[PDB]
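> File follows, upload09.pdb with PDB, C-alpha atoms and all ligand atoms:
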```
ATOM      1  CA  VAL A   1       0.000   0.000   0.000
ATOM      2  CA  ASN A   2       1.189   3.607  -0.729
ATOM      3  CA  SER A   3      -0.045   7.263  -0.250
ATOM      4  CA  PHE A   4      -1.075   7.992  -3.884
ATOM      5  CA  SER A   5      -4.819   8.830  -4.129
ATOM      6  CA  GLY A   6      -7.389   9.255  -6.947
ATOM      7  CA  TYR A   7      -5.339   7.577  -9.720
ATOM      8  CA  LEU A   8      -6.884   5.533 -12.525
ATOM      9  CA  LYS A   9      -5.077   2.172 -12.949
ATOM     10  CA  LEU A  10      -3.972   1.658 -16.585
ATOM     11  CA  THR A  11      -1.893  -1.524 -16.128
ATOM     12  CA  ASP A  12      -0.353  -3.741 -13.438
ATOM     13  CA  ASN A  13       2.220  -0.980 -12.719
ATOM     14  CA  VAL A  14       1.127   2.325 -14.366
ATOM     15  CA  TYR A  15      -1.380   4.744 -12.801
ATOM     16  CA  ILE A  16      -2.544   8.171 -14.102
ATOM     17  CA  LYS A  17      -4.254  11.262 -12.595
ATOM     18  CA  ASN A  18      -5.187  14.829 -13.732
ATOM     19  CA  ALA A  19      -2.948  16.711 -11.309
ATOM     20  CA  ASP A  20      -0.308  19.393 -10.985
ATOM     21  CA  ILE A  21       2.872  17.384 -10.247
ATOM     22  CA  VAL A  22       4.053  20.207  -7.958
ATOM     23  CA  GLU A  23       0.883  20.010  -5.811
ATOM     24  CA  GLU A  24       0.977  16.217  -5.926
ATOM     25  CA  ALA A  25       4.619  16.115  -4.754
ATOM     26  CA  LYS A  26       3.894  18.612  -1.938
ATOM     27  CA  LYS A  27       1.006  16.370  -0.681
ATOM     28  CA  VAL A  28       2.581  12.875  -1.086
ATOM     29  CA  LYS A  29       6.324  13.627  -0.488
ATOM     30  CA  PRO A  30       7.153  10.642  -2.672
ATOM     31  CA  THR A  31      10.548   8.893  -2.480
ATOM     32  CA  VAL A  32      11.125   9.959  -6.124
ATOM     33  CA  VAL A  33       9.650  12.786  -8.228
ATOM     34  CA  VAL A  34      10.745  12.816 -11.893
ATOM     35  CA  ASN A  35      11.732  16.098 -13.523
ATOM     36  CA  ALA A  36      11.371  16.689 -17.270
ATOM     37  CA  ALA A  37      14.974  17.898 -17.493
ATOM     38  CA  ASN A  38      17.226  19.064 -20.308
ATOM     39  CA  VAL A  39      20.901  18.099 -20.629
ATOM     40  CA  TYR A  40      22.048  21.389 -19.002
ATOM     41  CA  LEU A  41      19.582  21.049 -16.064
ATOM     42  CA  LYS A  42      18.356  24.556 -16.902
ATOM     43  CA  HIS A  43      14.915  24.483 -15.290
ATOM     44  CA  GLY A  44      13.298  27.396 -17.152
ATOM     45  CA  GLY A  45       9.816  26.269 -18.081
ATOM     46  CA  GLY A  46       7.372  23.413 -18.325
ATOM     47  CA  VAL A  47       7.479  20.842 -15.542
ATOM     48  CA  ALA A  48      11.120  21.733 -14.717
ATOM     49  CA  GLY A  49      10.426  25.437 -14.313
ATOM     50  CA  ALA A  50       7.418  24.665 -12.082
ATOM     51  CA  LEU A  51       9.304  22.154  -9.868
ATOM     52  CA  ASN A  52      12.263  24.500  -9.562
ATOM     53  CA  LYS A  53      10.018  27.488  -8.651
ATOM     54  CA  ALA A  54       8.396  25.320  -5.919
ATOM     55  CA  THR A  55      11.917  24.768  -4.412
ATOM     56  CA  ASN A  56      12.538  28.569  -4.336
ATOM     57  CA  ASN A  57      15.351  27.970  -6.933
ATOM     58  CA  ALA A  58      17.258  25.507  -4.674
ATOM     59  CA  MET A  59      16.864  22.834  -7.422
ATOM     60  CA  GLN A  60      18.616  25.185  -9.904
ATOM     61  CA  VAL A  61      21.449  26.012  -7.466
ATOM     62  CA  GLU A  62      22.081  22.284  -6.840
ATOM     63  CA  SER A  63      21.816  21.542 -10.570
ATOM     64  CA  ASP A  64      24.346  24.228 -11.512
ATOM     65  CA  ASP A  65      26.903  22.698  -9.116
ATOM     66  CA  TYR A  66      26.139  19.191 -10.611
ATOM     67  CA  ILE A  67      26.799  20.447 -14.173
ATOM     68  CA  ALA A  68      29.929  22.373 -13.155
ATOM     69  CA  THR A  69      31.332  19.070 -11.738
ATOM     70  CA  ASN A  70      30.009  16.479 -14.234
ATOM     71  CA  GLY A  71      29.100  18.280 -17.477
ATOM     72  CA  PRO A  72      25.802  17.863 -19.309
ATOM     73  CA  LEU A  73      23.593  14.765 -19.234
ATOM     74  CA  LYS A  74      22.913  12.687 -22.353
ATOM     75  CA  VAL A  75      19.550  12.839 -24.124
ATOM     76  CA  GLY A  76      17.871   9.674 -22.761
ATOM     77  CA  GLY A  77      19.930   9.896 -19.548
ATOM     78  CA  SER A  78      19.291  10.931 -15.965
ATOM     79  CA  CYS A  79      20.783  11.846 -12.629
ATOM     80  CA  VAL A  80      19.505  11.609  -9.063
ATOM     81  CA  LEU A  81      19.610  14.840  -7.031
ATOM     82  CA  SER A  82      17.787  16.121  -3.983
ATOM     83  CA  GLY A  83      13.981  16.333  -3.944
ATOM     84  CA  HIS A  84      14.232  19.446  -1.727
ATOM     85  CA  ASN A  85      10.783  20.217  -0.189
ATOM     86  CA  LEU A  86       8.979  18.072  -2.807
ATOM     87  CA  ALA A  87      10.313  14.516  -2.444
ATOM     88  CA  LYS A  88      13.269  12.600  -0.984
ATOM     89  CA  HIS A  89      14.953  12.509  -4.405
ATOM     90  CA  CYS A  90      14.424  14.089  -7.823
ATOM     91  CA  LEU A  91      15.248  11.907 -10.808
ATOM     92  CA  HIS A  92      16.104  14.375 -13.588
ATOM     93  CA  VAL A  93      15.356  12.539 -16.858
ATOM     94  CA  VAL A  94      16.089  13.964 -20.314
ATOM     95  CA  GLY A  95      13.551  12.954 -22.904
ATOM     96  CA  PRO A  96      14.187  13.986 -26.523
ATOM     97  CA  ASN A  97      12.976  17.508 -27.362
ATOM     98  CA  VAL A  98      11.220  17.323 -30.789
ATOM     99  CA  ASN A  99      11.441  21.178 -30.979
ATOM    100  CA  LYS A 100      15.321  20.673 -31.054
ATOM    101  CA  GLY A 101      15.136  17.789 -33.646
ATOM    102  CA  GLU A 102      16.129  14.959 -31.174
ATOM    103  CA  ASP A 103      15.511  11.276 -32.073
ATOM    104  CA  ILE A 104      12.103  10.193 -30.633
ATOM    105  CA  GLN A 105      13.544   6.584 -30.342
ATOM    106  CA  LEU A 106      15.480   8.033 -27.353
ATOM    107  CA  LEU A 107      12.175   8.239 -25.451
ATOM    108  CA  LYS A 108      12.372   4.519 -24.604
ATOM    109  CA  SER A 109      15.935   4.992 -23.235
ATOM    110  CA  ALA A 110      14.645   7.933 -21.151
ATOM    111  CA  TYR A 111      11.855   5.823 -19.589
ATOM    112  CA  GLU A 112      14.295   2.971 -18.838
ATOM    113  CA  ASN A 113      15.778   5.228 -16.091
ATOM    114  CA  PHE A 114      12.512   4.800 -14.163
ATOM    115  CA  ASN A 115      13.235   1.051 -13.737
ATOM    116  CA  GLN A 116      16.019   1.893 -11.240
ATOM    117  CA  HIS A 117      13.338   3.108  -8.774
ATOM    118  CA  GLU A 118      10.605   0.955  -7.220
ATOM    119  CA  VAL A 119       7.992   3.781  -7.088
ATOM    120  CA  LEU A 120       7.951   7.198  -8.833
ATOM    121  CA  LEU A 121       5.719  10.247  -9.314
ATOM    122  CA  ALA A 122       6.360  11.428 -12.914
ATOM    123  CA  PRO A 123       5.164  13.510 -15.849
ATOM    124  CA  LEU A 124       4.870  12.119 -19.349
ATOM    125  CA  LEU A 125       8.385  12.424 -20.812
ATOM    126  CA  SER A 126       8.867  14.542 -23.926
ATOM    127  CA  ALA A 127       5.259  15.901 -23.618
ATOM    128  CA  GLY A 128       4.329  19.565 -23.238
ATOM    129  CA  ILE A 129       7.040  21.970 -24.459
ATOM    130  CA  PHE A 130       9.291  19.014 -25.467
ATOM    131  CA  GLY A 131       6.951  18.601 -28.462
ATOM    132  CA  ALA A 132       6.249  14.831 -28.562
ATOM    133  CA  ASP A 133       2.755  13.316 -28.904
ATOM    134  CA  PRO A 134       1.637  12.577 -25.293
ATOM    135  CA  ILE A 135      -0.356   9.513 -26.476
ATOM    136  CA  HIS A 136       2.910   8.083 -27.804
ATOM    137  CA  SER A 137       4.738   8.996 -24.592
ATOM    138  CA  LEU A 138       2.135   7.096 -22.530
ATOM    139  CA  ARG A 139       2.430   4.020 -24.803
ATOM    140  CA  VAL A 140       6.261   4.009 -24.467
ATOM    141  CA  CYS A 141       5.900   4.444 -20.694
ATOM    142  CA  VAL A 142       3.565   1.439 -20.367
ATOM    143  CA  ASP A 143       5.735  -0.692 -22.655
ATOM    144  CA  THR A 144       9.071   0.270 -20.957
ATOM    145  CA  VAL A 145       8.573   0.955 -17.242
ATOM    146  CA  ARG A 146       8.184  -2.147 -15.052
ATOM    147  CA  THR A 147       8.333  -0.330 -11.678
ATOM    148  CA  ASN A 148       5.329   1.439 -10.167
ATOM    149  CA  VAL A 149       4.779   4.815 -11.824
ATOM    150  CA  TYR A 150       2.150   7.414 -10.886
ATOM    151  CA  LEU A 151       1.727   9.797 -13.837
ATOM    152  CA  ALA A 152       0.475  13.303 -12.986
ATOM    153  CA  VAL A 153      -1.138  14.890 -16.067
ATOM    154  CA  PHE A 154      -1.433  18.718 -15.666
ATOM    155  CA  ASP A 155      -4.028  19.357 -18.471
ATOM    156  CA  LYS A 156      -7.601  18.005 -17.908
ATOM    157  CA  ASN A 157      -8.431  17.938 -21.624
ATOM    158  CA  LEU A 158      -5.273  15.890 -22.348
ATOM    159  CA  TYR A 159      -5.852  13.607 -19.334
ATOM    160  CA  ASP A 160      -9.316  12.695 -20.675
ATOM    161  CA  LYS A 161      -7.943  12.106 -24.181
ATOM    162  CA  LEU A 162      -5.105   9.871 -22.804
ATOM    163  CA  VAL A 163      -7.584   7.725 -20.821
ATOM    164  CA  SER A 164     -10.219   7.511 -23.586
ATOM    165  CA  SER A 165      -7.614   6.507 -26.253
ATOM    166  CA  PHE A 166      -5.621   4.049 -24.053
ATOM    167  CA  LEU A 167      -5.343   0.531 -25.510
TER     168      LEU A 167
HETATM  169  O1  LIG B 201       1.258  17.723 -16.724
HETATM  170  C1  LIG B 201       2.294  18.343 -17.200
HETATM  171  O2  LIG B 201       2.865  18.038 -18.277
HETATM  172  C2  LIG B 201       2.836  19.523 -16.407
HETATM  173  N1  LIG B 201       3.363  20.509 -17.091
HETATM  174  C3  LIG B 201       3.839  21.583 -16.521
HETATM  175  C4  LIG B 201       3.813  21.672 -15.176
HETATM  176  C5  LIG B 201       3.289  20.641 -14.414
HETATM  177  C6  LIG B 201       2.770  19.523 -15.023
HETATM  178  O3  LIG B 201       2.211  18.476 -14.224
END
```
Go ahead and render the structure in this file as structure tokens.
Ligand SMILES: O=C(O)c1ncccc1O

Amino acid sequence: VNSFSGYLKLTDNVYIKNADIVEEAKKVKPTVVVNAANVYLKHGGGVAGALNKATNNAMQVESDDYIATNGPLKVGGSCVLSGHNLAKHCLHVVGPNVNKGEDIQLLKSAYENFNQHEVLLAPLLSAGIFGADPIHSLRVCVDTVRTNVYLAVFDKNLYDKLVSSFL
């Protein structure tokens, strides 16, 4: 049993809810919240900008020190950093950004990072301002992630379309 409430069950291991991931993290304090990161961990907008704002910019300060030490992530890669006031840990995962011309086949690699964590609160990778089709992102999630993932979908219209169209 866990703390997640009001989710629709899609499969054995994937759950979905119309929710603001920031507000969901604040309520649940999950072990792991996933950030929709870029390779530079520049948390300007989208999910990343919202998570970082909720940490009062402490996520960005920590991220800048990580990049200064380790250099950029890979597209499809991830790193584990603090969850600050939102979670124990934040898993920063870089999905391909279609609006930068990145290979959508890297979306599966991105989701494979989730398998290193037993339970996660996450957004749909490469959705929103990363430009991928969210229906596709949900299909890759279900077909890649084997651990227990709680997907918070910010937009109600998109949530309803994702549920209605789910095979
Ligand atoms: O549902 C999303 O894609 C989302 N986007 C931006 C900020 C928070 C979110 O949960």
> Quick one: pull the distance between CA of residue 82 (chain A) and atom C4 of ligand LIG 201 (chain B), Å, one decimal.
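Atom-to-atom, CA of residue 82 (chain A) to atom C4 of ligand LIG 201 (chain B), that is 18.7 Å.
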> Throw together the list of residues within 10 Å of ligand LIG 201 (chain B), counting all atoms listed in the file, and drop it here as a ChimeraX atom specification.
/A:17-24,35-36,45-51,122-130,134,151-156,158-159
> Please write as an MDAnalysis selection string the full residue list that the PyMOL selection byres (((chain A and resi 103-114) around 7) and not hetatm) yields on this file.
chainID A and resid 76:78 93:96 101:102 115:117 140:141 144:145
> Assuming the chain letters and numbering stay as they are in my file, what does the PyMOL selection byres (((chain A and resi 4-14) around 7) and not hetatm) actually select? List them as a ChimeraX atom specification.
/A:2-3,15-17,28,142,146-150
> Can you list, as a ChimeraX atom specification, the residues that the PyMOL selection byres (((chain A and resi 30) around 8) and not hetatm) selects here?
/A:25,28-29,31-33,86-88,120-121
> Given only C-alpha atoms as the basis, pick out the residue of A:80, A:119, A:39, A:90 nearest to residue 55 (chain A).
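Of the candidates, the smallest distance to residue 55 (chain A) is held by A:90.
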> Could you state the separation of CA of residue 70 (chain A) and CA of residue 131 (chain A) in Å, given to one decimal place?
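Between CA of residue 70 (chain A) and CA of residue 131 (chain A) the gap is 27.2 Å.
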> Rank A:165, A:132, A:26, A:118 by their smallest atom-to-atom distance to residue 100 (chain A), using all atoms listed in the file, and report the top residue only.
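Result for the nearest residue to residue 100 (chain A): A:132.
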> Expressed in Å to a single decimal, how great is the separation between CA of residue 139 (chain A) and CA of residue 38 (chain A)?
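So the answer is 21.6 Å.
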> Rebuild N, CA and C atoms on region 33-57 of chain A, as a PDB file, in the coordinates of the input?

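out_4.pdb, freshly written:
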```pdb
ATOM      1  N   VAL A  33      10.395  12.016  -7.220  1.00  0.00           N
ATOM      2  CA  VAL A  33       9.650  12.786  -8.228  1.00  0.00           C
ATOM      3  C   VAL A  33      10.567  12.867  -9.454  1.00  0.00           C
ATOM      4  N   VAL A  34      10.008  12.666 -10.622  1.00  0.00           N
ATOM      5  CA  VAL A  34      10.745  12.816 -11.893  1.00  0.00           C
ATOM      6  C   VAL A  34      10.583  14.240 -12.402  1.00  0.00           C
ATOM      7  N   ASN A  35      11.711  14.815 -12.809  1.00  0.00           N
ATOM      8  CA  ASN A  35      11.732  16.098 -13.523  1.00  0.00           C
ATOM      9  C   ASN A  35      11.914  15.844 -14.999  1.00  0.00           C
ATOM     10  N   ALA A  36      11.201  16.596 -15.812  1.00  0.00           N
ATOM     11  CA  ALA A  36      11.371  16.689 -17.270  1.00  0.00           C
ATOM     12  C   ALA A  36      12.525  17.628 -17.579  1.00  0.00           C
ATOM     13  N   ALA A  37      13.741  17.113 -17.434  1.00  0.00           N
ATOM     14  CA  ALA A  37      14.974  17.898 -17.493  1.00  0.00           C
ATOM     15  C   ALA A  37      15.454  18.032 -18.928  1.00  0.00           C
ATOM     16  N   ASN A  38      16.350  19.011 -19.132  1.00  0.00           N
ATOM     17  CA  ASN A  38      17.226  19.064 -20.308  1.00  0.00           C
ATOM     18  C   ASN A  38      18.658  18.751 -19.880  1.00  0.00           C
ATOM     19  N   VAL A  39      19.525  18.602 -20.884  1.00  0.00           N
ATOM     20  CA  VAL A  39      20.901  18.099 -20.629  1.00  0.00           C
ATOM     21  C   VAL A  39      21.699  19.063 -19.776  1.00  0.00           C
ATOM     22  N   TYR A  40      21.322  20.341 -19.763  1.00  0.00           N
ATOM     23  CA  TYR A  40      22.048  21.389 -19.002  1.00  0.00           C
ATOM     24  C   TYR A  40      21.445  21.593 -17.629  1.00  0.00           C
ATOM     25  N   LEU A  41      20.368  20.844 -17.297  1.00  0.00           N
ATOM     26  CA  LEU A  41      19.582  21.049 -16.064  1.00  0.00           C
ATOM     27  C   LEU A  41      19.249  22.536 -15.872  1.00  0.00           C
ATOM     28  N   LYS A  42      18.849  23.175 -16.947  1.00  0.00           N
ATOM     29  CA  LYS A  42      18.356  24.556 -16.902  1.00  0.00           C
ATOM     30  C   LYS A  42      16.840  24.498 -16.794  1.00  0.00           C
ATOM     31  N   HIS A  43      16.330  24.743 -15.607  1.00  0.00           N
ATOM     32  CA  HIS A  43      14.915  24.483 -15.290  1.00  0.00           C
ATOM     33  C   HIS A  43      14.076  25.748 -15.543  1.00  0.00           C
ATOM     34  N   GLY A  44      13.886  26.078 -16.799  1.00  0.00           N
ATOM     35  CA  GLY A  44      13.298  27.396 -17.152  1.00  0.00           C
ATOM     36  C   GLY A  44      11.783  27.377 -17.241  1.00  0.00           C
ATOM     37  N   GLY A  45      11.222  26.291 -17.687  1.00  0.00           N
ATOM     38  CA  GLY A  45       9.816  26.269 -18.081  1.00  0.00           C
ATOM     39  C   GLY A  45       9.261  24.883 -18.021  1.00  0.00           C
ATOM     40  N   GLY A  46       8.007  24.721 -18.359  1.00  0.00           N
ATOM     41  CA  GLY A  46       7.372  23.413 -18.325  1.00  0.00           C
ATOM     42  C   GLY A  46       7.375  22.845 -16.925  1.00  0.00           C
ATOM     43  N   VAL A  47       7.395  21.530 -16.830  1.00  0.00           N
ATOM     44  CA  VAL A  47       7.479  20.842 -15.542  1.00  0.00           C
ATOM     45  C   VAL A  47       8.732  21.307 -14.771  1.00  0.00           C
ATOM     46  N   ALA A  48       9.873  21.399 -15.429  1.00  0.00           N
ATOM     47  CA  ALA A  48      11.120  21.733 -14.717  1.00  0.00           C
ATOM     48  C   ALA A  48      11.027  23.118 -14.092  1.00  0.00           C
ATOM     49  N   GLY A  49      10.533  24.083 -14.872  1.00  0.00           N
ATOM     50  CA  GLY A  49      10.426  25.437 -14.313  1.00  0.00           C
ATOM     51  C   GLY A  49       9.492  25.461 -13.134  1.00  0.00           C
ATOM     52  N   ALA A  50       8.403  24.688 -13.166  1.00  0.00           N
ATOM     53  CA  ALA A  50       7.418  24.665 -12.082  1.00  0.00           C
ATOM     54  C   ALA A  50       8.009  23.984 -10.861  1.00  0.00           C
ATOM     55  N   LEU A  51       8.654  22.824 -11.032  1.00  0.00           N
ATOM     56  CA  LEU A  51       9.304  22.154  -9.868  1.00  0.00           C
ATOM     57  C   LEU A  51      10.353  23.066  -9.255  1.00  0.00           C
ATOM     58  N   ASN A  52      11.174  23.669 -10.105  1.00  0.00           N
ATOM     59  CA  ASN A  52      12.263  24.500  -9.562  1.00  0.00           C
ATOM     60  C   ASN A  52      11.686  25.698  -8.790  1.00  0.00           C
ATOM     61  N   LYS A  53      10.650  26.344  -9.329  1.00  0.00           N
ATOM     62  CA  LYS A  53      10.018  27.488  -8.651  1.00  0.00           C
ATOM     63  C   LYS A  53       9.528  27.022  -7.288  1.00  0.00           C
ATOM     64  N   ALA A  54       8.937  25.846  -7.189  1.00  0.00           N
ATOM     65  CA  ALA A  54       8.396  25.320  -5.919  1.00  0.00           C
ATOM     66  C   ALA A  54       9.493  25.086  -4.882  1.00  0.00           C
ATOM     67  N   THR A  55      10.743  24.891  -5.307  1.00  0.00           N
ATOM     68  CA  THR A  55      11.917  24.768  -4.412  1.00  0.00           C
ATOM     69  C   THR A  55      12.554  26.121  -4.139  1.00  0.00           C
ATOM     70  N   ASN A  56      11.990  27.217  -4.584  1.00  0.00           N
ATOM     71  CA  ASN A  56      12.538  28.569  -4.336  1.00  0.00           C
ATOM     72  C   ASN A  56      13.904  28.649  -5.002  1.00  0.00           C
ATOM     73  N   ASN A  57      14.114  27.964  -6.133  1.00  0.00           N
ATOM     74  CA  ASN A  57      15.351  27.970  -6.933  1.00  0.00           C
ATOM     75  C   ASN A  57      16.456  27.084  -6.310  1.00  0.00           C
TER      76      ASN A  57
END
```
